[PDB]
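Q: Structure below; questions to follow.
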Amino acid sequence: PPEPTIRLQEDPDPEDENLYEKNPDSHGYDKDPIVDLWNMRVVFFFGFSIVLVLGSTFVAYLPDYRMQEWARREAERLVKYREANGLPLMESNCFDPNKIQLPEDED
Amino acid sequence: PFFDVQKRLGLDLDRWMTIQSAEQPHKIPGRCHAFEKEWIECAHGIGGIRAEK
Amino acid sequence: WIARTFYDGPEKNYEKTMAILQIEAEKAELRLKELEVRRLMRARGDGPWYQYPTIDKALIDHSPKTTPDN
Amino acid sequence: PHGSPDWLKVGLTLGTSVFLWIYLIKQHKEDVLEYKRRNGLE
Amino acid sequence: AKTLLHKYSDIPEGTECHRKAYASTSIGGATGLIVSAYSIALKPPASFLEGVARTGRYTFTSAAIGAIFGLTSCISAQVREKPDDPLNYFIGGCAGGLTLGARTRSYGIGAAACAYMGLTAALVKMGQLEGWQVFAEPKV
Amino acid sequence: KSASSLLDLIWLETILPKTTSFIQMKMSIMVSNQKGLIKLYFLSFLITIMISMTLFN
Amino acid sequence: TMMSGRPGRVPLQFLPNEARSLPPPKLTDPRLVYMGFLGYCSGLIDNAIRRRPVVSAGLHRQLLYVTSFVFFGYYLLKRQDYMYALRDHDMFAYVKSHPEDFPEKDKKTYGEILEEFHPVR
Amino acid sequence: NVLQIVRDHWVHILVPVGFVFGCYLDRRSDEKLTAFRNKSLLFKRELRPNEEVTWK
Amino acid sequence: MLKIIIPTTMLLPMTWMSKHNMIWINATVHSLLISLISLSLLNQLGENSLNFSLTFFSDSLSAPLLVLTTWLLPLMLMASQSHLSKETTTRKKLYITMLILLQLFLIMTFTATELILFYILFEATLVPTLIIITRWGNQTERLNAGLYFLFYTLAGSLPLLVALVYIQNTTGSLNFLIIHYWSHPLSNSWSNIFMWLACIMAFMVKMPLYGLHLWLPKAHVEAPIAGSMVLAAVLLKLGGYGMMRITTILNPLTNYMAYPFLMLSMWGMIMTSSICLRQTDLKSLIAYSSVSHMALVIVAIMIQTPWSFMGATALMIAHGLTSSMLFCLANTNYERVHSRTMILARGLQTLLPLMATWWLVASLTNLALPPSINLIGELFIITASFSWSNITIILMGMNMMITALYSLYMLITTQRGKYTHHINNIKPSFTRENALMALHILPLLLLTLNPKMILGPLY
Amino acid sequence: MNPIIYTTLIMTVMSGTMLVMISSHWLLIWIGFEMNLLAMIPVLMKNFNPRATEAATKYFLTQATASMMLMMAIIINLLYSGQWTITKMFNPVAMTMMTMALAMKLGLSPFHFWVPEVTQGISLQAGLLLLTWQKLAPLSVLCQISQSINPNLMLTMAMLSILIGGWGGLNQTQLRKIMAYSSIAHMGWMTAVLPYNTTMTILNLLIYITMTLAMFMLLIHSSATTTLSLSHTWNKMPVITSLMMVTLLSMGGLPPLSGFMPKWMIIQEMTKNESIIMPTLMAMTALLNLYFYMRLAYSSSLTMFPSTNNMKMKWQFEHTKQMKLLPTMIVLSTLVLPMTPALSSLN
Ligand SMILES: CCCCCCCCCCCCCCCCCC(=O)OC[C@H](COP(=O)([O-])OCC(O)COP(=O)([O-])OC[C@@H](COC(=O)CCCCCCCCCCCCCCCCC)OC(=O)CCCCCCCCCCCCCCCCC)OC(=O)CCCCCCCCCCCCCCCCC
Ligand SMILES: CCCCCCCCCCCCCCCCC[C@@H](O)O[C@H](CO[C@H](O)CCCCCCCCCCCCCCC)COP(=O)(O)OCC[N+](C)(C)C
Ligand SMILES: CCCCCCCCCCCCCCCCC[C@@H](O)O[C@H](CO[C@H](O)CCCCCCCCCCCCCCC)COP(=O)(O)OCC[N+](C)(C)C
Ligand SMILES: CCCCCCCCCCCCCCCCC[C@@H](O)O[C@H](CO[C@H](O)CCCCCCCCCCCCCCC)COP(=O)(O)OCC[N+](C)(C)C
Ligand SMILES: CCCCCCCC/C=C\CCCCCCCC(=O)O[C@H](COC(=O)CCCCCCC/C=C/CCCCCCCC)COP(=O)(O)OCCN
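Those sequence lines, one after another, are chains A, B, C, D, E, F, G, H, I and J. Position in the first sequence (from 1) plus 5 gives the number in my numbering. Position in the second sequence (from 1) plus 1 gives the number in my numbering. Position in the third sequence (from 1) plus 14 gives the number in my numbering. Position in the fourth sequence (from 1) plus 192 gives the number in my numbering. Position in the fifth sequence (from 1) plus 25 gives the number in my numbering. Position in the sixth sequence (from 1) plus 40 gives the number in my numbering. Position in the seventh sequence (from 1) plus 878 gives the number in my numbering. Position in the eighth sequence (from 1) plus 597 gives the number in my numbering. Position in the ninth sequence (from 1) plus 1 gives the number in my numbering. Position in the tenth sequence (from 1) plus 261 gives the number in my numbering.
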């Protein structure tokens with residue numbers, strides 16, 4: 006069996022490289038310290054300072070396009086009107102029956 | 002598919018041989034000249050569906 | 015301030031939606047009408063569509079044919 | 193290999209592109225005018 | 026041709042069990058003979074006798090499958106007193122699959138055939154009820 | 041035993057993917073295994089011509 | 879809709895004369911821009927295949943690609959618009975000429991139409 | 598240093614230019630859906646003395 | 002809507018023109034800016050919708066998903082920054098291009114005023130995901146995984162296309178607005194039954210349903226970290242969005258047809274939660290947890306009540322964020338240990354305390370601790386199902402108990418106990434990873450302050 | 262051969278196809294088919310080896326039998342109506358024999374057996390010409406008489422072609438046989454819409470022609486005819502492998518690629534005529550074509566296969582002969598889905 010016991014010419018599997026040996030204060034972003042530091046800074050500034058704070062403030066103070074206060078005030082004025090005249094609050098029929106034309110069965 | 006070059010150019014490359022009733026040499030008539038003439042005149046411009054019906 | 019600088023009023027979206035709904039409804043009716051017209055034209059054949067060729071009568075020779083009965 | 197920028201081919205390509213663009217502009221102007229004339233716009 | 030299809034379809038589903046079985050057996054024999062002809066044309070196994078034996082085996086297998094499917098489908102439809110129900114065709118198809126598996130002598134194949142045939146027969150009955158067209162004529 | 045191995049790793053795998061792979065592999069082996077003899081192909085073509093002449097009319 | 883046999887059709891005309899009665903597509907048409915983008919992509923792929931700097935190998939070649947694509951796209955868009963206009967014209971004429979096949983549906987309000995109600999429970 | 602950092606940082610203008618162009622394209626698409634402007638039964642309104650369109 | 006789409010498209014030339022060592026910085030900054038821009042869509046109305054044009058419209062169902070899709074890209078870049086260090090610049094640019102194409106496809110899918118355009122983009126999302134899984138996966142099974150992830154999907158989606166065009170031949174339109182305004186009841190017929198199945202199964206295969214969930218563990222375990230995040234966070238929600246959009250035309254046939262799928266989901270959540278208990282793989286455990294949560298979302302959509310829809314929307318958003326965070330944590334462990342087995346790396350709280358805190362928070366939010374939005378969605382779905390039938394509460398309680406059990410099991414196995422003696426290559430956690438977990442977790446606890454932003458159009 | 266002779270033969274093939282396309286007389290169509298067949302054989306035998314000669318003689322046998330059947334159908338049609346014009350077939354099974362002859366010319370099932378054999382025997386350029394240009398004339402003739410076909414027979418043959426292509430492509434390692442089975446499946450897709458819309462047939466033909474041209478010219482650029490030979494291309498031209506994988510994804514019918522456009526349209530058209538089952542079956546069968554395309558893509562670009570030491574020398578050389586239309590073909594076969602409505606141009 007003169008086979009070399011090697012299936013092919015393969016590079017040996019490299020060992021994992023640690024970013025902390027060649028650069029303490031490594032931030033885990035890049036091997037180049039300057040690119041590393043600036044990547045950390047841009048990530049922190051645009052993620053935490055810009056989006057997370059300003060976007061949260063923007064969402065918090067969104068104008069009432071869902072018309073919650075409008076609906077509340079409409080309901081208050083309507084119930085004030087109906088309590089005054091004694092109408093029985095909300096009617097059971099959403100649409101008035103006189104404008105509906107039922108089909109006569111005659112069965 | 003069909004590219005009607007003959008109609009565009011007015012060439013008559015192969016239309017002379019399509020039917021029996023089209024200018025035979027020495028005015029020799031086909032055996033069914035009258036029937037083919039009538040059938041062609043019936044269906045001219047009518048279209049395949051309406052001609053068939 | 016947010017509503018003034020970033021957004022517009024409800025009438026804009028309301029009327030844009032009405033226009034969009036009108037366009038889409040007309041398109042749907044046109045599609046159905048076109049399908050019906052295609053079916054009728056293919057079934058009957060009197061329409062401009064589905065017009066299969068028939069022998070041109072300009073090819074016929076109208077002359078005496080060496081025999082009186084054609 | 194060791195070749196200069198073939199100025200004949202460069203000139204031909206530039207001239208073809210410029211001619212095509214000029215022809216397209218002229219054809220568009222003529223079509224717009226013809227459409228306006230047929231539909232009685234201006 | 027379509028003669029066998031007409032013969033099978035003309036008979037009512039809940040009556041004439043033997044006639045339906047005969048029509049199904051005829052259709053099965055026809056398709057088995059066609060498959061045997063294709064196999065012989067593509068692959069000459071060893072000789073004339075082996076070829077005719079394979080033809081007979083395939084034809085009798087297909088005829089048996091058709092027979093079993095027809096009887097079960099018709100008997101189930103008659104006993105259940107609910108004609109035009111795909112469940113009877115499923116059961117008939119399932120029975121047919123089981124007999125194929127018994128012929129080939131494999132529980133898996135028999136089990137597999139029962140599930141698939143039951144599905145195909147139910148689909149065919151559903152298409153007959155709803156008018157599904159496999160070969161649609163040009164409409165528009 | 042049941043949820044992980046019996047159903048998820050075996051039967052749910054057996055039904056949809058494995059059966060499809062087996063059927064497609066068998067059909068591919070059947071269809072593609074032709075010995076390149078024009079005699080068999082021509083006999084099949086003749087059979088098909090006869091079948092179409094006897095069936096589609 | 880088989881319009882190959884449509885009457886009065888010149889065989890090999892790409893754009894008939896009546897097509898000039900339709901508004902031409904704008905030169906800033908989005909479809910024209912997409913055709914130019916296709917030409918630019920063709921130029922980039924041409925540079926890549928020949929092992930040249932993809933973005934800055936041949937400016938004349940890429941310009942020619944974009945120009946030819948825009949030219950053909952403009953003419954193709956004209957033909958497409960004409961063909962659709964022909965289809966619509968034929969459909970409207972056929973509807974007008976066959977009143978018995980396209981009757982006017984009676985307008986019925988929802989207040990007088992009984993629709994079945996299916997509760998969600 | 599101008600004209601040197603530009604050749605390295607010119608890619609940073611691409612996204613904001615895309616945002617501005619998208620805003621312009623959105624307004625351009627808005628301009629083509631004015632068929633029902635000031636015609637809704639809910640917002641039929643008489644124009645102001647110096648108003649031409651209710652919304653742009 | 003183009004104010005979001007155009008910058009996403011411009012992300013590609015910027016990425017390809019960037020310097021060899023500035024691709025990550027530029028991509029991250031501009032993706033964060035695009036997310037900030039997309040935040041404007043959250044201003045919805047109680048009226049119909051935000052109809053921008055004939056092609057794209059927004060909704061309070063579409064807006065949270067769009068915001069999550071935009072926000073996920075910077076996190077994906079930050080997590081992919083680690084294991085792509087030894088990669089050539091061209092291939093890193095290609096990876097970023099795949100991510101950008103996926104984001105653009107998802108953005109155009111979620112607006113999609115028309116159903117055929119929705120289908121086109123819904124299938125267009127397949128190609129970048131398949132390439133990412135089968136090109137930048139580590140093991141030899143990735144190829145097989147890709148095949149599964151492809152064919153399953155197509156097996157459900159090709160019938161849908163047929164059904165879709167069929168509908169446009171009868172109704173005359175596929176626009177969502179016209180479909181909703183002109184909806185008519187479906188007669189109980191075999192043809193209508195099969196139309197229902199064709200419309201439904203394409204989206205039920207992507208959730209996935211319990212019987213059709215086999216592709217998900219393979220695809221999640223084999224894909225790289227960015228692929229796992231995009232699969233678990235957004236791609237699973239496409240089926241829920243599709244069912245929510247398409248169930249309008251299926252009534253009243255849904256009442257009868259929903260029973261098999263309701264049974265499958267209600268039993269499959271229990272089955273997959275039990276499967277999570279006996280798992281030797283972290284990624285497989287997280288994938289099966291995703292399957293259970295999406296089974297609950299399927300139940301919610303099938304019940305078809307307003308509370309069901311609100312709870313389902315909230316649960317999709319919450320599960321997306323939580324599952325992405327869990328996958329990131331497991332990836333941080335794997336990049337140190339290179340094994341991806343739960344039992345091998347133990348006692349990590351002693352060595353990495355802050356990462357243990359992140360693990361605890363992620364497990365707590367996966368366990369549906371109130372008042373997290375996970376719990377809000379869970380509780381809304383449970384209440385709607387109880388109104389549907391009072392016997393569902395047994396199955397839901399069982400699911401909650403098993404969920405708590407396996408979540409705390411995963412936390413305790415990896416973080417607590419005694420550290421493995423021979424494992425000595427565990428370096429301190431980087432700033433990048435801690436920032437990644439913080440950016441995953443802070444939006445959840447901010448959204449619990451304003452739940453109505455993620456409760457859907459039925460709020 | 263002599264370049265003048267090759268040019269003359271190519272022009273004769275094109276002239277035969279054009280004569281078939283422009284003529285209105287059945288005899289002239291037969292003459293055009295005869296001219297095309299006459300000029301095609303030496304093109305198939307440019308590179309002289311026993312395999313090329315065998316492929317050429319098989320092709321000649323099949324095409325001559327098809328031509329004789331076509332002439333027989335013409336003669337019966339003349340017998341039952343004294344007509345030479347190409348119109349409605351005017352008769353029963355005379356039309357059946359015309360359909361069978363055109364199917365044998367196109368390679369539709371069950372007359373598909375010669376396509377893999379001839380494609381494998383001949384070179385890549387001959388295969389390109391055979392699978393691209395040799396479909397125009399029979400498809401044009403079919404489109405002209407498309408109102409005459411029996412829909413049952415045409416649909417049966419189209420479904421059989423799709424099934425056979427899908428199943429046969431699964432077992433292939435040689436690239437040319439894969440191309441042949443892909444051609445069979447695409448022809449099956451093409452002929453299943455002929456009874457309903459010939460415009461969709463022409464659109465599908467154009468898309469398939471563009472995709473096949475891009476595929477064959479990529480295979481010629483990276484001169485590999487086998488899966489393992491193609492697996493070595495990444496170590497010299499990675500961009501070629503990437504474009505090849507994108508083209509393969511397009512050929513599988515994946516949206517948003519170009520290959521999705523025909524099937525989509527066809528399916529839509531087929532649902533307009535109340536045909537639901539057959540489009541569904543067609544899609545489920547096309548899944549097989551997609552599977553073996555995906556396997557080729559796996560072996561080509563998505564994974565890096567082992568190489569050889571001699572490949573290093575190939576790194577120092579560049580392709581002397583370059584195909585100009587390859588980038589345009591790739592772009593057209595990949596990125597023209599948004600331009601779909603342009604099919605109104607009656608392409
Ligand atoms: C959705 C719609 C929106 C997006 C549209 C998407 C499509 C657009 C583009 C279409 C294609 C055109 C260009 C591609 C040509 C290929 C050339 C190339 O490789 O790139 C190298 C080149 C840089 O490398 P280099 O230094 O020149 O030389 C290196 C060699 O080229 C090569 O170096 P090497 O050979 O040493 O490296 C080997 C590498 C090289 O191999 C490759 O890179 C192959 C290239 C990709 C294949 C192209 C397929 C054809 C198009 C299909 C697109 C599919 C989209 C549908 C979604 C499904 C995705 C598959 O191959 C591998 O690593 C093997 C494994 C590959 C992994 C699996 C393959 C997946 C590829 C799929 C990519 C699909 C998207 C491509 C996007 C663009 C990519 C460049 O890239 C570029 O610089 C060109 C990029 C575009 C230029 C932008 C200029 C515009 C900016 C200024 C104007 C501002 C515009 C706005 C105006 C207003 C502002 C004020
Ligand atoms: C480290 C230890 C602690 C130190 C810090 C001590 C201080 C603690 C205080 C912090 C939490 C304690 C609770 C105090 C609550 C006060 C703030 C709260 O009241 O405001 C909320 C406001 O918060 C926002 O509503 C929620 C935040 C927005 C969430 C969006 C996420 C940000 C986008 C980033 C990408 C998103 C990714 C996920 C996709 C969806 C509720 O506002 P609301 O009652 O309503 O009305 C506001 C006023 N109005 C009436 C004028 C409108
Ligand atoms: C693999 C993991 C899960 C995958 C997905 C599974 C979910 C899909 C299951 C589909 C749901 C059921 C399909 C049809 C339901 C209709 C109701 C029917 O079952 O009940 C009776 C129907 O009776 C019988 O069931 C008839 C059908 C019998 C044949 C079907 C096969 C049964 C088992 C097959 C299951 C295999 C599924 C997977 C296929 C690959 C009611 O009797 P009837 O009033 O008359 O019919 C009412 C309907 N009408 C009005 C339209 C006529
Ligand atoms: C696959 C991508 C498309 C590429 C198409 C090729 C591109 C290069 C072609 C260069 C110019 C070709 C145009 C020919 C010039 C004049 C044509 C004219 O004389 O012919 C007319 C016909 O014009 C042409 O047929 C139209 C060609 C346009 C093809 C483009 C359609 C592509 C479909 C959508 C995909 C988007 C592609 C966009 C990028 C190219 C008259 O035809 P007619 O004698 O009356 O009837 C025969 C045809 N019938 C039987 C079907 C009715
Ligand atoms: C995850 C993998 C699962 C695969 C998905 C399977 C479920 C999808 C259903 C199977 C395909 C059906 C597609 C139907 C397309 C919609 C069109 C439609 O519904 O119209 C019907 C068409 O209905 C049909 O034709 C259905 C025939 C089905 C043929 C193919 C069957 C495929 C296998 C079915 C068995 C499996 C059933 C359950 C599958 C669940 C998933 C496991 C009406 O037809 P017309 O003739 O035009 O109406 C006039 C007469 N009333």
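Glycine included, C-beta positions come from ideal geometry on N, C-alpha and C.
Starting from residue 47 of chain C, find everything on chain G with Cβ-Cβ shorter than 8 Å and list it in chain order.
A: Simply 969, 973 and 980.
Q: I'd like to confirm something about residue 96 of chain E: is its beta-carbon nearer than 7 Å to some heavy atom of ligand 4, or not?
A: no
Q: Among J:588, J:477, J:589 and J:569, which residue has its Cα nearest to the Cα of residue 441 of chain J?
A: When each option's Cα is compared against that of residue 441 of chain J, the closest is J:477.
Q: Relative to ligand 4, is the shortest distance from any of its heavy atoms to the C-beta of residue 600 of chain J smaller than 7 Å?
A: yes
Q: Closer than 7 Å is what we want: which residues have a beta carbon that near any heavy atom of ligand 2? List them in chain order.
A: A:56, A:57, A:60, A:61, A:64, A:65, A:66, I:36, I:40, I:65, I:68, I:69, I:72, I:318, I:322, I:444, I:447, I:448, I:450, I:451, I:454 and I:455
Q: Use the C-beta contact count for residue 263 of chain J: other C-beta atoms within 10 angstroms, 16 or more gives buried, fewer gives exposed.
A: exposed
Q: Can you say whether residue 23 of chain A is buried or exposed, counting buried as having 16 or more other CB atoms within 10 angstroms of its CB?
A: exposed
Q: Apply the 10 Å Cβ neighbour rule to residue 257 of chain I and answer buried if 16 or more other Cβ atoms are within range, or exposed otherwise.
A: exposed
Q: Tell me where the alpha helix (DSSP H) around residue 308 of chain I begins and ends.
A: 307-338
Q: With 8 Å as the threshold, decide whether the Cβ of residue 37 of chain A is near any Cβ in chain I.
A: Yes, residue 37 of chain A lies at the interface with chain I (some Cβ there is under 8 Å from its Cβ).
Q: What's the gap between the Cα of residue 6 of chain I and the Cα of residue 373 of chain I?
A: One Cα belongs to residue 6 of chain I, the other to residue 373 of chain I, and the distance between them is close to 31 Å.
Q: Ignoring anything shorter than 4 residues or poking outside the stretch 282-363 of chain J, list the alpha helix (DSSP H) runs there in chain order.
A: 287-305 and 311-341
Q: Going by C-alpha distance, which of J:280, J:555, J:304 and J:596 is nearest residue 265 of chain J?
A: If you compare the alpha carbons of J:280, J:555, J:304 and J:596 with that of residue 265 of chain J, the shortest gap goes to J:304.
Q: Quick one: is residue 48 of chain F buried, meaning 16 or more other Cβ sit within 10 Å of its Cβ, or exposed?
A: buried
Q: Just to make sure I have the definition right: I need the residues of chain I whose C-beta is within less than 9 Å of the C-beta of residue 616 of chain H. Which are they?
A: 4, 5, 7, 8, 11, 34, 35 and 38
Q: Anything in chain C within Cβ reach of residue 881 of chain G, meaning under 8 Å, just list it in chain order.
A: Under the 8 Å cutoff, chain C gives 62 and 63.
Q: What do you reckon, are the CB atoms on residue 191 of chain I and residue 142 of chain E nearer than 8 Å?
A: Contact annotation: residue 191 of chain I and residue 142 of chain E have beta-carbon atoms that are not nearer than 8 Å.
Q: Using a Cβ-based criterion (distance less than 7 Å to any ligand heavy atom), does residue 157 of chain I qualify as near ligand 6?
A: The model on display carries ligand 1, ligand 2, ligand 3, ligand 4 and ligand 5 but not ligand 6.
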